[PDB]
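Form deposited in one PDB entry, single chain, as C-alpha cells, below.
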C-alpha cells in the first residue's frame, strides 16, 4: 500500500583558501586600574572581577562549518 523512499543526495562543498594570515595584535587592559573602597556593606552574594579577564584571540585558518538535519517521522 505505502512506499516511502528518502534518497537525498548531497555533493556540496564549503571551501576556503587563504594565502597568508597574520600580524594580529590584541592588547586589552593595557592601562591602569585602581579601586578604592571604604565602609561598604553587603547583605547578599558578591561576585567581583578586576583586571584583564576572558580575552580571546581566535584565529582559525579554516573556520568553515556545515550543519545538516534529516528527519523522517511516521504515524
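Residues that one form lacks are left out of the comparison. For clarity, a rigid core is taken as the largest C-alpha set superposing within 1.5 Å between two forms. Residue numbers count along the first chain shown, from 1.
This protein has a second form, the form deposited in another entry, left out of what is shown; the following refers to that one.
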| With both forms fit on the core, has residue 64 moved 2 Å or more by CA between the shown form and the other one? | no
| After the core is overlaid between the shown form and the other one, has the C-alpha of residue 18 moved by 2 angstroms or more? | no
| task | Regarding residue 58 and residue 31, go with closer or farther for their CA spacing in the other form versus this form, the difference being 3 Å or more. | result | closer
| field | Displacement runs between the shown form and the other one, C-alpha, 2 Å or more, three or more consecutive residues, core aligned | value | 30-53
